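Undergrad:
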Amino acid sequence: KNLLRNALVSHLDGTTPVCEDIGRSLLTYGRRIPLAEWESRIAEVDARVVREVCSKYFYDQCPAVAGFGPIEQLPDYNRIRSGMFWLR
Amino acid sequence: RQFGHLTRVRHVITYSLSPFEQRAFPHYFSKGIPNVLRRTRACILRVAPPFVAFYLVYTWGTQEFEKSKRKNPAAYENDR
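Protein sequences appear in the order of chains N and T.
Note that the deposited numbering has the first sequence beginning at 358, numbered continuously upward.
Note that the deposited numbering has the second sequence beginning at 2, numbered continuously upward.
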């Protein structure tokens, strides 16, 4: 959370990042989101939320993989897909 | 001998797909039975004729064994 808290305030420093944030926000989110609203959603997140959300998007899901270079060792997709869930 | 130390491969691209995303038996009877037949036509001429020749020698040899087992007309005939 604190890394992300610091990331938001670090990024919106100078005019160009804030002007980007506005222009992007209105195209994507529809409105500009205040830093207080962001903080409300960060403070909302605790350990259970991270687990419920990470497990939702990652656990037992086929991932899109892209390899470029000396990639003879790059694991087989079945082995990567086997790694996308656990032994449990 | 490990993944990473096998050999030098360059400029190749391998497109793959997740087994959950794709089918297990894609066009099995559709494309397969012709491919199976093609493979059979390729090999048959090399593979079969020795086994045919075995079958000929087999049946003949068993036939000729049964002929030789049985009686013969020169066994004391025209000889009282």
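Where a beta carbon is used, it is the ideal one built from N, C-alpha and C, also for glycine.
Can you name the start and end residues of the alpha helix (DSSP H) that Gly5/T belongs to?
TA: Here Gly5/T belongs to no alpha helix (DSSP H), and DSSP marks it neither H nor E.
Undergrad: In angstroms with no decimal places, state the Cα-to-Cα distance between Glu67/T and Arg39/T.
TA: 41 Å
Undergrad: At 9 Å on the CB atoms, spell out the chain N contacts of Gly5/T, in chain order.
TA: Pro427, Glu429, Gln430
Undergrad: Could you list which residues in chain T have their beta carbon closer than 9 Å to that of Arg438/N, in chain order?
TA: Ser19, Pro20, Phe21
Undergrad: Near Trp395/N, what residues of its chain come up, given a Cβ to Cβ distance below 8 Å and the 5 sequence neighbours on each side ignored?
TA: Closer than 8 Å at Cβ, skipping near neighbours: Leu365.
Undergrad: Do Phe21/T and residue 494/N come within 7 Å of each other at the CB atom, strictly closer than that value?
TA: Residue 494/N is absent from the structure shown; chain N starts at 358 and stops at 445.
Undergrad: Any C-beta of chain T sitting closer than 7 Å to the C-beta of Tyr434/N?
TA: So yes, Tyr434/N belongs to the interface.
Undergrad: Using only alpha-carbon positions, find the residue among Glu377/N, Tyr416/N, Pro432/N that is nearest to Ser17/T.
TA: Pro432/N
Undergrad: Name the chain B residues that come within less than 7 Å of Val13/T, Cβ to Cβ?
TA: This model lacks chain B altogether; the protein chains it does include are N and T.
Undergrad: Straight-line CA distance for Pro374/N to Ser367/N?
TA: Per the coordinates, the alpha-carbon of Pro374/N lies some 10 Å from the alpha-carbon of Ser367/N.
Undergrad: Can you pull out the residues from the segment 393-425 of chain N whose beta carbon lies closer than 7 Å to at least one beta carbon of chain T?
TA: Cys419
Undergrad: Should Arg389/N and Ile379/N be called a contact, given that it needs their Cβ atoms to be closer than 7 Å?
TA: Yes, the Cβ-Cβ distance between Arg389/N and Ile379/N is below 7 Å.
Undergrad: When you compare each of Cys376/N, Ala404/N, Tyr414/N to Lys358/N by their alpha carbons, which one comes out closest?
TA: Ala404/N
Undergrad: On the three-state DSSP scale, how would you describe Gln418/N?
TA: coil
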